[PDB]
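Comments concern the structure below.
Values in this text are rule-based calculations from the coordinates and carry no lab data. Cβ coordinates were reconstructed from backbone atoms using ideal geometry, including for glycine residues, and neighbour counts include every protein chain displayed.
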């Protein structure tokens, strides 16, 4: 019983809660796509000046 | 006879009614599956915003 409680305690110390990581994963994938889109918007600022010339 | 009645009384105090636990077990397994499905629905809320960009 003592060996089982030491192993369960190690699990309390280091194990991930995977049900919570699933939510973090989905939101982070959406954030990465929005970040690529925002960088694409920032890249195009120079093209606006071409119209004046 | 007194020893048998003391042992039966301990059983009245602590024993589980397993026919009732079988119903609780089945309903709880269904509830766990529905909870995983509900968490899966909640995880997907961010993906709706990607359409606007």
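In µm²/s, what is D for the protein assembly as shown at 4 °C and 1.567 mPa s, where D = kT/(6 pi eta Rh) by Stokes-Einstein and Rh is the Kirkwood radius from Cα pairs? All intermediate terms of the calculation are to be shown ahead of the outcome.
Working: Rh = 20.6 Å.
Result for D is 63 µm²/s.
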Whole-angstrom gap from the stretch B:3-33 to the stretch A:1-16, using each part's C-alpha centre
29 Å
Output row for residue A:12: copy-to-copy label distances, label 7 Å along Cα→C-beta, ascending, in nanometres, one decimal, is 3.8
In B, who owns the beta-carbon nearest the axis carrying B over to A, and how many Å from it?
B:51, 14
Label position 7 Å from Cα toward Cβ: report the copy-to-copy distances for residue B:28 in nm, one decimal, ordered from shortest.
3.3
Along Cα→Cβ, 7 Å out, is where each label goes; now give me the distance between the ones at residue B:50 and residue B:26 in nm to one decimal.
4.1 nm
Provide Rg and Dmax in Å for chain B, with only Cα atoms included in the calculation.
23.8, 81
